[PDB]
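Coordinates from protein_31.cif are shown below (mmCIF, C-alpha atoms).
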data_model
loop_
_atom_site.label_atom_id
_atom_site.label_comp_id
_atom_site.auth_asym_id
_atom_site.auth_seq_id
_atom_site.Cartn_x
_atom_site.Cartn_y
_atom_site.Cartn_z
CA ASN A 69 134.62 -12.14 114.13
CA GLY A 70 131.89 -11.33 116.64
CA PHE A 71 128.95 -9.06 117.26
CA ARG A 72 126.91 -10.40 114.32
CA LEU A 73 123.52 -12.12 114.51
CA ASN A 74 123.29 -14.48 111.51
CA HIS A 75 119.72 -15.50 110.59
CA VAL A 76 117.65 -12.60 111.45
CA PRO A 77 115.07 -13.17 108.71
CA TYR A 78 114.45 -10.49 106.03
CA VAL A 79 110.99 -8.97 105.41
CA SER A 80 110.33 -6.12 102.97
CA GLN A 81 107.55 -3.65 103.66
CA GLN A 82 104.28 -3.07 101.98
CA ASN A 83 103.81 0.45 100.62
CA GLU A 84 101.32 1.67 103.12
CA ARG A 85 101.45 3.90 106.12
CA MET A 86 103.64 2.25 108.84
CA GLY A 87 104.64 -0.46 106.33
CA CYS A 88 108.11 -0.46 107.83
CA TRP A 89 106.72 -0.98 111.40
CA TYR A 90 105.06 -4.31 110.36
CA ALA A 91 108.06 -5.61 108.39
CA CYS A 92 110.49 -4.70 111.24
CA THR A 93 108.44 -6.38 114.01
CA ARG A 94 108.35 -9.41 111.74
CA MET A 95 112.14 -9.46 111.52
CA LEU A 96 112.23 -9.45 115.37
CA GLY A 97 109.76 -12.42 115.16
CA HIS A 98 106.41 -10.83 116.17
CA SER A 99 103.08 -10.99 114.39
CA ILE A 100 101.39 -7.75 115.36
CA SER A 101 98.17 -6.59 113.82
CA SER A 102 98.44 -3.03 115.21
CA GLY A 103 100.97 -0.19 115.19
CA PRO A 104 101.42 3.59 115.68
CA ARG A 105 98.30 5.63 114.93
CA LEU A 106 99.99 8.32 112.82
CA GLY A 107 103.31 8.55 110.87
CA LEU A 108 106.94 8.08 111.70
CA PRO A 109 107.57 11.82 112.21
CA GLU A 110 104.91 11.76 114.94
CA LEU A 111 106.30 8.49 116.42
CA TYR A 112 109.94 9.44 116.42
CA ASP A 113 109.98 13.26 116.58
CA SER A 114 106.84 14.78 118.20
CA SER A 115 106.61 17.39 121.06
CA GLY A 116 104.23 18.73 123.65
CA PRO A 117 100.80 17.07 123.90
CA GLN A 118 101.35 15.14 120.68
CA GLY A 119 104.61 13.72 121.91
CA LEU A 120 102.87 12.54 125.15
CA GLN A 121 100.06 10.78 123.26
CA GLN A 122 102.40 9.01 120.84
CA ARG A 123 104.45 7.89 123.82
CA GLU A 124 101.36 6.36 125.50
CA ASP A 125 100.48 4.44 122.25
CA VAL A 126 103.94 3.06 121.96
CA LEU A 127 104.10 1.92 125.59
CA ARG A 128 100.74 0.27 124.95
CA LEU A 129 102.08 -1.75 122.04
CA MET A 130 105.36 -2.48 123.78
CA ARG A 131 103.49 -3.98 126.74
CA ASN A 132 100.98 -5.91 124.70
CA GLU A 133 103.44 -7.27 122.10
CA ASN A 134 106.45 -8.06 124.35
CA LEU A 135 108.88 -5.40 123.10
CA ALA A 136 111.28 -3.41 125.28
CA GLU A 137 113.42 -0.30 124.67
CA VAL A 138 117.20 0.19 124.88
CA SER A 139 118.32 2.69 127.54
CA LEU A 140 119.89 5.49 125.53
CA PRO A 141 123.26 7.06 126.51
CA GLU A 142 123.04 10.75 127.39
CA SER A 143 126.04 11.35 125.02
CA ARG A 144 123.82 10.63 121.94
CA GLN A 145 126.60 8.30 120.93
CA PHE A 146 127.14 4.54 120.96
CA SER A 147 130.56 2.92 120.56
CA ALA A 148 130.84 -0.17 118.27
CA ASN A 149 131.41 -2.40 121.34
CA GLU A 150 128.39 -0.93 123.22
CA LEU A 151 126.12 -1.68 120.26
CA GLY A 152 127.69 -5.02 119.66
CA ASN A 153 127.20 -5.85 123.30
CA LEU A 154 123.51 -4.84 123.15
CA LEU A 155 122.86 -6.88 120.02
CA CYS A 156 124.49 -10.02 121.45
CA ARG A 157 122.31 -9.59 124.66
CA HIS A 158 119.04 -8.56 123.04
CA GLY A 159 119.09 -9.91 119.50
CA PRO A 160 117.85 -7.79 116.58
CA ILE A 161 116.94 -4.19 117.42
CA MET A 162 114.35 -2.06 115.46
CA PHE A 163 115.48 1.58 115.26
CA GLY A 164 113.96 4.85 114.00
CA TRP A 165 116.23 7.11 112.07
CA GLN A 166 116.11 10.20 109.94
CA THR A 167 117.30 9.89 106.37
CA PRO A 168 118.87 12.62 104.21
CA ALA A 169 115.46 14.01 102.94
CA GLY A 170 114.24 14.46 106.44
CA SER A 171 111.96 11.44 106.16
CA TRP A 172 112.04 9.05 109.13
CA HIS A 173 112.39 5.34 108.56
CA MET A 174 112.65 2.09 110.57
CA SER A 175 115.27 -0.63 110.14
CA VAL A 176 116.51 -3.66 112.03
CA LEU A 177 120.03 -3.69 113.48
CA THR A 178 121.64 -7.15 113.19
CA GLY A 179 125.34 -6.70 113.75
CA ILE A 180 128.51 -4.68 113.95
CA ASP A 181 131.35 -4.47 111.47
CA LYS A 182 134.17 -3.39 113.77
CA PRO A 183 137.00 -3.03 111.16
CA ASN A 184 134.99 -0.66 108.96
CA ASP A 185 133.19 1.02 111.97
CA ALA A 186 129.71 0.24 110.70
CA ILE A 187 126.40 -1.17 111.70
CA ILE A 188 124.83 -4.02 109.82
CA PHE A 189 121.04 -3.74 109.20
CA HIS A 190 118.10 -5.00 107.31
CA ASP A 191 116.19 -2.18 105.56
CA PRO A 192 112.59 -3.10 104.81
CA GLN A 193 112.73 -0.86 101.67
CA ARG A 194 116.33 -1.23 100.46
CA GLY A 195 117.24 -4.86 101.33
CA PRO A 196 119.07 -7.20 103.75
CA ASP A 197 122.46 -6.92 105.27
CA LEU A 198 123.19 -3.30 104.43
CA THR A 199 125.79 -1.36 106.29
CA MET A 200 126.06 2.29 107.22
CA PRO A 201 128.86 4.13 109.13
CA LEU A 202 128.47 4.00 112.94
CA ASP A 203 128.90 7.83 112.75
CA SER A 204 125.77 7.98 110.56
CA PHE A 205 123.78 5.83 112.91
CA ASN A 206 124.61 8.07 115.89
CA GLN A 207 123.86 11.13 113.89
CA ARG A 208 120.48 9.88 112.61
CA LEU A 209 118.99 7.81 115.37
CA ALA A 210 115.77 9.13 116.91
CA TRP A 211 117.42 10.33 120.16
CA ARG A 212 114.52 12.56 121.09
CA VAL A 213 112.39 9.60 122.04
CA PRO A 214 113.08 6.85 124.60
CA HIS A 215 111.61 4.29 122.17
CA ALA A 216 114.22 4.86 119.45
CA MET A 217 115.50 1.27 119.76
CA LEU A 218 113.19 -1.67 120.40
CA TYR A 219 114.16 -5.28 120.98
CA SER A 220 112.05 -8.44 121.45
CA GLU A 221 111.37 -9.94 124.97
CA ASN A 222 110.08 -13.22 123.52
CA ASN B 69 116.23 -20.66 117.50
CA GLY B 70 119.22 -19.75 119.69
CA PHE B 71 122.40 -18.16 118.57
CA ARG B 72 124.59 -20.52 116.52
CA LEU B 73 127.94 -20.10 114.93
CA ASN B 74 127.86 -22.05 111.66
CA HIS B 75 131.45 -22.58 110.68
CA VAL B 76 133.69 -23.61 113.37
CA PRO B 77 135.98 -26.19 111.74
CA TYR B 78 135.93 -29.65 113.34
CA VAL B 79 139.24 -31.19 114.50
CA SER B 80 139.36 -34.71 116.11
CA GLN B 81 141.82 -35.66 118.86
CA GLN B 82 143.63 -38.52 117.49
CA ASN B 83 145.75 -40.84 119.63
CA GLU B 84 147.80 -37.94 120.91
CA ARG B 85 148.54 -36.99 124.53
CA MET B 86 146.14 -34.25 125.76
CA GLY B 87 144.80 -34.54 122.23
CA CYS B 88 141.53 -32.76 123.15
CA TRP B 89 143.48 -29.60 124.10
CA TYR B 90 145.23 -29.41 120.71
CA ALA B 91 142.05 -30.17 118.85
CA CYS B 92 139.97 -27.56 120.72
CA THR B 93 142.60 -24.81 120.44
CA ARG B 94 142.88 -25.61 116.63
CA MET B 95 139.08 -25.35 116.34
CA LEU B 96 139.38 -21.87 117.95
CA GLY B 97 141.87 -20.81 115.15
CA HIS B 98 145.14 -21.21 117.20
CA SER B 99 148.24 -23.31 116.57
CA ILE B 100 149.69 -23.87 119.94
CA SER B 101 152.67 -26.17 120.24
CA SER B 102 152.33 -26.90 124.01
CA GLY B 103 149.67 -27.38 126.64
CA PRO B 104 149.06 -27.86 130.29
CA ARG B 105 151.86 -29.88 131.77
CA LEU B 106 149.56 -32.05 133.86
CA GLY B 107 146.36 -33.70 132.67
CA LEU B 108 142.79 -32.72 132.50
CA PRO B 109 141.77 -33.61 136.10
CA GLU B 110 144.53 -31.34 137.38
CA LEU B 111 143.64 -28.56 135.00
CA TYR B 112 139.90 -28.70 135.83
CA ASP B 113 139.51 -30.17 139.25
CA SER B 114 142.67 -29.61 141.37
CA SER B 115 142.86 -27.72 144.68
CA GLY B 116 145.83 -26.87 147.04
CA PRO B 117 149.39 -27.01 145.42
CA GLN B 118 148.78 -29.18 142.35
CA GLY B 119 146.02 -26.55 141.64
CA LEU B 120 147.61 -23.12 142.35
CA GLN B 121 150.37 -24.40 139.95
CA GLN B 122 148.07 -25.49 137.16
CA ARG B 123 146.30 -22.10 137.63
CA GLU B 124 149.68 -20.35 137.08
CA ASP B 125 150.53 -22.60 134.08
CA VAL B 126 147.23 -21.92 132.40
CA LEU B 127 147.35 -18.12 132.91
CA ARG B 128 150.78 -18.16 131.26
CA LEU B 129 149.45 -20.09 128.23
CA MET B 130 146.52 -17.68 127.97
CA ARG B 131 148.89 -14.65 128.02
CA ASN B 132 151.18 -16.29 125.44
CA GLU B 133 148.54 -17.48 122.99
CA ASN B 134 145.89 -14.78 123.26
CA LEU B 135 143.21 -16.81 124.96
CA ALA B 136 140.86 -15.49 127.62
CA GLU B 137 138.34 -16.90 130.05
CA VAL B 138 134.70 -16.29 130.63
CA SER B 139 133.76 -14.93 134.08
CA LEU B 140 131.76 -17.65 135.66
CA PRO B 141 128.48 -16.84 137.33
CA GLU B 142 128.20 -17.17 141.11
CA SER B 143 124.99 -19.13 140.70
CA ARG B 144 126.85 -21.92 138.84
CA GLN B 145 124.22 -21.86 136.11
CA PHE B 146 124.05 -20.33 132.57
CA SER B 147 120.92 -19.62 130.62
CA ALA B 148 120.47 -20.48 126.94
CA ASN B 149 120.37 -16.74 126.21
CA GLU B 150 123.52 -15.97 128.20
CA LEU B 151 125.59 -18.65 126.48
CA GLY B 152 124.33 -17.27 123.12
CA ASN B 153 125.34 -13.79 124.10
CA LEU B 154 128.82 -15.15 125.03
CA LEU B 155 129.27 -16.98 121.68
CA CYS B 156 128.09 -13.86 119.84
CA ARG B 157 130.83 -11.75 121.52
CA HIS B 158 133.75 -14.13 121.69
CA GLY B 159 133.23 -16.81 119.08
CA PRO B 160 133.69 -20.45 119.87
CA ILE B 161 134.42 -21.33 123.48
CA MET B 162 136.38 -24.34 124.69
CA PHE B 163 135.05 -25.86 127.89
CA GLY B 164 136.19 -28.43 130.41
CA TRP B 165 133.58 -30.87 131.70
CA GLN B 166 133.23 -34.04 133.60
CA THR B 167 131.54 -37.07 132.13
CA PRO B 168 129.24 -39.42 133.86
CA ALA B 169 131.96 -42.05 133.62
CA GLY B 170 134.22 -39.70 135.76
CA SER B 171 136.84 -38.43 133.32
CA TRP B 172 137.40 -34.86 132.30
CA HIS B 173 137.18 -33.71 128.67
CA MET B 174 137.43 -30.61 126.54
CA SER B 175 134.93 -29.64 123.86
CA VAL B 176 134.03 -26.63 121.80
CA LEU B 177 130.81 -24.74 122.33
CA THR B 178 129.45 -23.44 118.99
CA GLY B 179 125.77 -22.65 119.42
CA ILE B 180 122.51 -22.99 121.39
CA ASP B 181 119.46 -24.90 120.53
CA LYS B 182 116.76 -22.86 122.33
CA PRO B 183 113.70 -24.96 121.46
CA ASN B 184 115.32 -28.11 122.91
CA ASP B 185 117.27 -26.31 125.71
CA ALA B 186 120.61 -27.73 124.55
CA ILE B 187 124.12 -26.64 123.68
CA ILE B 188 125.77 -27.41 120.41
CA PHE B 189 129.40 -28.49 120.50
CA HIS B 190 132.25 -30.11 118.65
CA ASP B 191 133.61 -33.11 120.63
CA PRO B 192 137.11 -34.03 119.56
CA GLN B 193 136.39 -37.67 120.37
CA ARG B 194 132.79 -38.03 119.41
CA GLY B 195 132.31 -35.75 116.45
CA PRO B 196 131.03 -32.42 115.19
CA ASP B 197 127.76 -30.63 115.99
CA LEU B 198 126.67 -32.81 118.90
CA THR B 199 124.21 -31.41 121.42
CA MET B 200 123.70 -32.02 125.08
CA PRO B 201 121.08 -30.71 127.42
CA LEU B 202 121.78 -27.35 128.94
CA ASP B 203 121.04 -28.89 132.36
CA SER B 204 123.97 -31.33 131.70
CA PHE B 205 126.35 -28.60 130.72
CA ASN B 206 125.62 -26.70 133.88
CA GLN B 207 125.94 -29.83 136.03
CA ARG B 208 129.22 -30.94 134.48
CA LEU B 209 131.13 -27.79 133.65
CA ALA B 210 134.42 -27.31 135.46
CA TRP B 211 133.01 -24.70 137.91
CA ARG B 212 135.89 -25.18 140.31
CA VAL B 213 138.38 -23.36 138.10
CA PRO B 214 138.12 -19.90 136.60
CA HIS B 215 139.45 -21.21 133.25
CA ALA B 216 136.54 -23.54 132.69
CA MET B 217 135.57 -21.73 129.43
CA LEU B 218 138.25 -20.28 127.17
CA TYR B 219 137.96 -18.18 124.03
CA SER B 220 140.11 -16.54 121.38
CA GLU B 221 141.27 -12.92 121.76
CA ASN B 222 142.51 -12.90 118.10
#
Please, can you express the file's structure as structure tokens?
Amino acid sequence: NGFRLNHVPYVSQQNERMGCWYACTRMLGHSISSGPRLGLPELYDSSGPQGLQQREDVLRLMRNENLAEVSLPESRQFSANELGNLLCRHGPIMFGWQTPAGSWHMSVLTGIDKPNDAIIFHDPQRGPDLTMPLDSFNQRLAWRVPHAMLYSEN
Amino acid sequence: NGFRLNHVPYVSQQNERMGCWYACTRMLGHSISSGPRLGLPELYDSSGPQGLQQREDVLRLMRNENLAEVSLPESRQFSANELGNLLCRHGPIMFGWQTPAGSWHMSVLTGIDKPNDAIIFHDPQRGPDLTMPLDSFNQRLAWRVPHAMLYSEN
């Protein structure tokens, strides 16, 4: 088997701005009353002075709420084993990704399905224990920001 | 809390010679018809000739039955998190350890109890899903041999 975490709890979001942020931190085990000041597009895909501000807000929360970021390969591409290895070290990982309407979303990575070359995740909108192709994850992850993948330090 | 594998099958050693070897390897998913030629003390605590031999014998078994060993840390200590990471990658892990009473035994590591700082293991002579303190595991593990902790490559 391998490379699967097994009771990462499931939390579904409230339909409010950043609803996915609160549900995802909860799946990592944190109870955090604050989050990003604007939307996901700003958080995961800003530029210039806006990018710099959003980055400062995120570092703030990361420090205060005991979250850390995954160092991102310059290739813009994880292998199954790389991801599996990170998950087994770090536990569940909250990631920002861009869906097929161009909307950004957050989900929690919980495991790797090596035979079908897929990541296993909880989606705070769509449900627990979904999979998507590893090729889709690499394509859609928020590579532009160093805070694309957050894991708990607690 | 702590990473736990939840269905490793339990196999007892009966009144068989080197019965703990056959039980542990069966708990790991293998059917292996032969085992180390000398006993447990020689497998886990030998040095000089009786030890370079048992090292050769065990590497051969590993090659033949698709088992591999965990690289032991220089510090001679594992953390709760590191053992969890190891179980997450490799599945159940059979370990050699020395009891207070002085004899060597083999057991199967299955999970970690973080809150109580303990390992969870199947003991072929004492039963399933026992725990012992992590401090005990570190004190009593067969650190002298590189094959202290074996896992399945299947």
I need the output of the PyMOL selection byres ((chain A) within 6 of (chain B)) for this file as number ranges by chain; which residues are they? A: 70-71, 156-157
Tell me which of A:206, A:220, A:167, A:184 sits closest to residue 140 in chain A, counting all atoms listed in the file. A:206
Would you mind listing what lies within 7 Å of residue 218 in chain B as a list in words, with only C-alpha atoms counted and same-chain residues fewer than 5 positions away left out?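 Non-adjacent residues within range: residues 135, 136, 137, 138, 161, 162 and 163 of chain B.
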Find, counting only C-alpha atoms, the residue in B:123, B:173, B:105, B:215 that gets nearest to residue 190 in chain B.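 For residue 190 in chain B, the nearest of the given residues is B:173.
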Is it possible to get the superposed chain B, fitted on chain A over all Cα pairs by sequence order, as a JSON list (two decimals) with C-alpha atoms, in the frame of the given file?
[["chain", "number", "residue", "atom", "x", "y", "z"],
["B", 69, "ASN", "CA", 135.07, -8.73, 113.56],
["B", 70, "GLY", "CA", 132.19, -7.32, 115.63],
["B", 71, "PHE", "CA", 129.27, -9.20, 116.97],
["B", 72, "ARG", "CA", 126.82, -10.27, 114.24],
["B", 73, "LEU", "CA", 123.58, -12.12, 114.35],
["B", 74, "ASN", "CA", 123.46, -14.31, 111.23],
["B", 75, "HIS", "CA", 119.85, -15.24, 110.76],
["B", 76, "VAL", "CA", 117.44, -12.52, 111.19],
["B", 77, "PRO", "CA", 114.86, -13.12, 108.44],
["B", 78, "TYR", "CA", 114.42, -10.26, 105.97],
["B", 79, "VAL", "CA", 110.92, -8.81, 105.43],
["B", 80, "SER", "CA", 110.31, -5.92, 102.92],
["B", 81, "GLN", "CA", 107.70, -3.20, 103.47],
["B", 82, "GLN", "CA", 105.55, -3.42, 100.53],
["B", 83, "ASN", "CA", 103.10, -0.67, 99.55],
["B", 84, "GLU", "CA", 101.43, -0.83, 102.93],
["B", 85, "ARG", "CA", 100.76, 2.04, 105.37],
["B", 86, "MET", "CA", 103.48, 2.21, 108.08],
["B", 87, "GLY", "CA", 104.83, -0.79, 106.21],
["B", 88, "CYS", "CA", 108.29, -0.45, 107.83],
["B", 89, "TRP", "CA", 106.76, -1.00, 111.30],
["B", 90, "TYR", "CA", 105.11, -4.29, 110.27],
["B", 91, "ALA", "CA", 108.20, -5.45, 108.46],
["B", 92, "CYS", "CA", 110.57, -4.66, 111.35],
["B", 93, "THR", "CA", 108.33, -6.22, 114.02],
["B", 94, "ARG", "CA", 108.02, -9.38, 111.76],
["B", 95, "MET", "CA", 111.82, -9.49, 111.45],
["B", 96, "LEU", "CA", 111.96, -9.45, 115.29],
["B", 97, "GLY", "CA", 109.68, -12.61, 115.38],
["B", 98, "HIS", "CA", 106.35, -10.81, 116.24],
["B", 99, "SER", "CA", 103.01, -10.75, 114.43],
["B", 100, "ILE", "CA", 101.44, -7.55, 115.47],
["B", 101, "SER", "CA", 98.18, -6.55, 113.86],
["B", 102, "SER", "CA", 98.35, -2.80, 114.71],
["B", 103, "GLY", "CA", 100.88, -0.02, 115.05],
["B", 104, "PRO", "CA", 101.36, 3.55, 116.05],
["B", 105, "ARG", "CA", 98.29, 5.52, 115.15],
["B", 106, "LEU", "CA", 100.25, 8.46, 113.79],
["B", 107, "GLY", "CA", 103.22, 8.27, 111.44],
["B", 108, "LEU", "CA", 106.89, 7.97, 111.85],
["B", 109, "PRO", "CA", 107.72, 11.68, 112.41],
["B", 110, "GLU", "CA", 105.27, 11.74, 115.30],
["B", 111, "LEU", "CA", 106.56, 8.50, 116.74],
["B", 112, "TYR", "CA", 110.23, 9.58, 116.52],
["B", 113, "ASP", "CA", 110.36, 13.32, 116.56],
["B", 114, "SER", "CA", 107.27, 14.80, 118.30],
["B", 115, "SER", "CA", 107.28, 17.04, 121.39],
["B", 116, "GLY", "CA", 104.41, 18.64, 123.46],
["B", 117, "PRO", "CA", 100.89, 16.97, 123.08],
["B", 118, "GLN", "CA", 101.26, 15.09, 119.78],
["B", 119, "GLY", "CA", 104.35, 13.57, 121.56],
["B", 120, "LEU", "CA", 103.22, 12.72, 125.13],
["B", 121, "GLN", "CA", 100.36, 10.86, 123.30],
["B", 122, "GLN", "CA", 102.54, 8.92, 120.91],
["B", 123, "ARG", "CA", 104.73, 8.09, 123.96],
["B", 124, "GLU", "CA", 101.62, 6.65, 125.70],
["B", 125, "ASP", "CA", 100.54, 4.76, 122.53],
["B", 126, "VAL", "CA", 103.92, 3.19, 122.08],
["B", 127, "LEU", "CA", 104.30, 2.10, 125.74],
["B", 128, "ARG", "CA", 100.92, 0.38, 125.42],
["B", 129, "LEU", "CA", 102.04, -1.51, 122.27],
["B", 130, "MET", "CA", 105.27, -2.52, 124.01],
["B", 131, "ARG", "CA", 103.32, -3.87, 127.04],
["B", 132, "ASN", "CA", 100.88, -5.71, 124.76],
["B", 133, "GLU", "CA", 103.38, -7.28, 122.38],
["B", 134, "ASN", "CA", 106.36, -7.94, 124.63],
["B", 135, "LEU", "CA", 108.71, -5.38, 123.19],
["B", 136, "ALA", "CA", 111.17, -3.33, 125.21],
["B", 137, "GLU", "CA", 113.44, -0.37, 124.64],
["B", 138, "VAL", "CA", 117.12, 0.17, 125.02],
["B", 139, "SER", "CA", 118.17, 2.83, 127.56],
["B", 140, "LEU", "CA", 119.77, 5.51, 125.52],
["B", 141, "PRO", "CA", 123.10, 6.93, 126.57],
["B", 142, "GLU", "CA", 123.26, 10.53, 127.79],
["B", 143, "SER", "CA", 126.19, 11.18, 125.48],
["B", 144, "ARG", "CA", 124.01, 10.48, 122.41],
["B", 145, "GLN", "CA", 126.67, 8.15, 121.04],
["B", 146, "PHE", "CA", 127.10, 4.32, 120.95],
["B", 147, "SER", "CA", 130.33, 2.47, 120.43],
["B", 148, "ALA", "CA", 130.73, -0.50, 118.09],
["B", 149, "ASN", "CA", 131.34, -2.67, 121.16],
["B", 150, "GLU", "CA", 128.28, -1.39, 123.04],
["B", 151, "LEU", "CA", 125.91, -2.02, 120.14],
["B", 152, "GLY", "CA", 127.39, -5.55, 119.86],
["B", 153, "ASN", "CA", 126.84, -6.14, 123.53],
["B", 154, "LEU", "CA", 123.19, -4.99, 123.08],
["B", 155, "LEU", "CA", 122.56, -7.33, 120.10],
["B", 156, "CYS", "CA", 124.18, -10.19, 122.03],
["B", 157, "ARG", "CA", 121.71, -9.70, 124.94],
["B", 158, "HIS", "CA", 118.50, -8.79, 123.19],
["B", 159, "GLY", "CA", 118.70, -10.04, 119.63],
["B", 160, "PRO", "CA", 117.75, -7.88, 116.72],
["B", 161, "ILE", "CA", 116.85, -4.28, 117.49],
["B", 162, "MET", "CA", 114.49, -2.10, 115.49],
["B", 163, "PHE", "CA", 115.55, 1.53, 115.28],
["B", 164, "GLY", "CA", 114.04, 4.79, 114.12],
["B", 165, "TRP", "CA", 116.28, 7.13, 112.14],
["B", 166, "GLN", "CA", 116.17, 10.18, 110.02],
["B", 167, "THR", "CA", 117.47, 10.18, 106.48],
["B", 168, "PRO", "CA", 119.41, 12.87, 104.81],
["B", 169, "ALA", "CA", 116.37, 13.53, 102.64],
["B", 170, "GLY", "CA", 114.40, 14.37, 105.90],
["B", 171, "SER", "CA", 112.02, 11.45, 106.34],
["B", 172, "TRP", "CA", 111.95, 9.03, 109.22],
["B", 173, "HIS", "CA", 112.39, 5.27, 108.74],
["B", 174, "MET", "CA", 112.59, 2.06, 110.70],
["B", 175, "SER", "CA", 115.24, -0.60, 110.19],
["B", 176, "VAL", "CA", 116.56, -3.64, 111.96],
["B", 177, "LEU", "CA", 120.00, -3.70, 113.52],
["B", 178, "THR", "CA", 121.57, -7.17, 113.17],
["B", 179, "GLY", "CA", 125.32, -6.84, 113.64],
["B", 180, "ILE", "CA", 128.47, -4.68, 113.77],
["B", 181, "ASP", "CA", 131.25, -4.48, 111.34],
["B", 182, "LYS", "CA", 134.17, -3.48, 113.62],
["B", 183, "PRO", "CA", 136.94, -3.20, 111.02],
["B", 184, "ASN", "CA", 134.89, -0.72, 108.95],
["B", 185, "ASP", "CA", 133.15, 0.97, 111.95],
["B", 186, "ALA", "CA", 129.67, 0.25, 110.57],
["B", 187, "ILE", "CA", 126.35, -1.23, 111.60],
["B", 188, "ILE", "CA", 124.67, -4.01, 109.74],
["B", 189, "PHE", "CA", 120.93, -3.75, 109.22],
["B", 190, "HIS", "CA", 117.92, -4.97, 107.31],
["B", 191, "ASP", "CA", 116.14, -2.05, 105.57],
["B", 192, "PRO", "CA", 112.57, -2.90, 104.70],
["B", 193, "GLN", "CA", 112.79, -0.63, 101.66],
["B", 194, "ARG", "CA", 116.32, -1.11, 100.53],
["B", 195, "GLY", "CA", 117.15, -4.70, 101.32],
["B", 196, "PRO", "CA", 118.88, -7.11, 103.66],
["B", 197, "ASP", "CA", 122.35, -6.87, 105.24],
["B", 198, "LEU", "CA", 123.09, -3.26, 104.34],
["B", 199, "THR", "CA", 125.67, -1.36, 106.36],
["B", 200, "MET", "CA", 126.03, 2.26, 107.26],
["B", 201, "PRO", "CA", 128.76, 4.04, 109.11],
["B", 202, "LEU", "CA", 128.49, 4.02, 112.85],
["B", 203, "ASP", "CA", 128.96, 7.81, 112.78],
["B", 204, "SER", "CA", 125.74, 7.99, 110.63],
["B", 205, "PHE", "CA", 123.76, 5.83, 112.97],
["B", 206, "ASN", "CA", 124.68, 7.99, 115.91],
["B", 207, "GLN", "CA", 123.91, 11.19, 114.00],
["B", 208, "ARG", "CA", 120.54, 10.00, 112.73],
["B", 209, "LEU", "CA", 119.08, 7.83, 115.45],
["B", 210, "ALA", "CA", 115.85, 9.06, 117.01],
["B", 211, "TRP", "CA", 117.55, 10.33, 120.21],
["B", 212, "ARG", "CA", 114.60, 12.51, 121.09],
["B", 213, "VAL", "CA", 112.41, 9.59, 122.11],
["B", 214, "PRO", "CA", 113.15, 6.83, 124.60],
["B", 215, "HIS", "CA", 111.71, 4.22, 122.19],
["B", 216, "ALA", "CA", 114.30, 4.86, 119.52],
["B", 217, "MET", "CA", 115.56, 1.22, 119.70],
["B", 218, "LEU", "CA", 113.13, -1.62, 120.39],
["B", 219, "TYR", "CA", 113.75, -5.31, 120.97],
["B", 220, "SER", "CA", 111.88, -8.54, 121.61],
["B", 221, "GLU", "CA", 111.21, -9.74, 125.17],
["B", 222, "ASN", "CA", 110.04, -13.17, 123.82]]
On this structure, which residues satisfy the PyMOL selection byres ((chain B and resi 95-103) around 8), written as a PDB file with C-alpha atoms, keeping the file's coordinate frame?
ATOM      1  CA  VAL B  76     133.690 -23.610 113.370  1.00  0.00           C
ATOM      2  CA  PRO B  77     135.980 -26.190 111.740  1.00  0.00           C
ATOM      3  CA  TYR B  78     135.930 -29.650 113.340  1.00  0.00           C
ATOM      4  CA  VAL B  79     139.240 -31.190 114.500  1.00  0.00           C
ATOM      5  CA  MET B  86     146.140 -34.250 125.760  1.00  0.00           C
ATOM      6  CA  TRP B  89     143.480 -29.600 124.100  1.00  0.00           C
ATOM      7  CA  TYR B  90     145.230 -29.410 120.710  1.00  0.00           C
ATOM      8  CA  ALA B  91     142.050 -30.170 118.850  1.00  0.00           C
ATOM      9  CA  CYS B  92     139.970 -27.560 120.720  1.00  0.00           C
ATOM     10  CA  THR B  93     142.600 -24.810 120.440  1.00  0.00           C
ATOM     11  CA  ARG B  94     142.880 -25.610 116.630  1.00  0.00           C
ATOM     12  CA  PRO B 104     149.060 -27.860 130.290  1.00  0.00           C
ATOM     13  CA  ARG B 105     151.860 -29.880 131.770  1.00  0.00           C
ATOM     14  CA  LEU B 129     149.450 -20.090 128.230  1.00  0.00           C
ATOM     15  CA  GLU B 133     148.540 -17.480 122.990  1.00  0.00           C
ATOM     16  CA  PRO B 160     133.690 -20.450 119.870  1.00  0.00           C
ATOM     17  CA  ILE B 161     134.420 -21.330 123.480  1.00  0.00           C
ATOM     18  CA  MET B 162     136.380 -24.340 124.690  1.00  0.00           C
ATOM     19  CA  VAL B 176     134.030 -26.630 121.800  1.00  0.00           C
ATOM     20  CA  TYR B 219     137.960 -18.180 124.030  1.00  0.00           C
ATOM     21  CA  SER B 220     140.110 -16.540 121.380  1.00  0.00           C
TER      22      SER B 220
END
Chain and number of each residue from the PyMOL selection byres ((chain B and resi 187) around 10), as number ranges by chain: B: 70, 72, 148, 151-152, 177-182, 184-186, 188-189, 197-205
For residue 211 in chain B, find every residue with an atom within 9 Å (counting only C-alpha atoms), except residues of its own chain fewer than 2 positions away, and show them as a ChimeraX atom specification. /B:112-113,140,144,164-165,206-209,213-216
Residues within 12 Å of residue 114 in chain A, please, as a PyMOL selection string. Count only C-alpha atoms; anything in the same chain fewer than 3 positions from it doesn't count. chain A and resi 106-111+117-123+172+210-214
For the atom pair CA of residue 80 in chain B and CA of residue 195 in chain B, what is the interatomic distance in Å to one decimal place? 7.1 Å
Please put the answer as lines of an AutoDock Vina configuration file: centre and edge lengths, in Å with one decimal, of a box along x, y and z that encloses all listed atoms of range 206-212 of chain B plus 8 Å on each side.
center_x = 130.8
center_y = -27.8
center_z = 137.0
size_x = 26.3
size_y = 22.2
size_z = 22.7
Select, from A:147, A:139, A:166, A:134, the residue with the minimum atom-to-atom distance to residue 217 in chain A, counting all atoms listed in the file.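 Answer, going by the shortest atom-to-atom distance: A:139.
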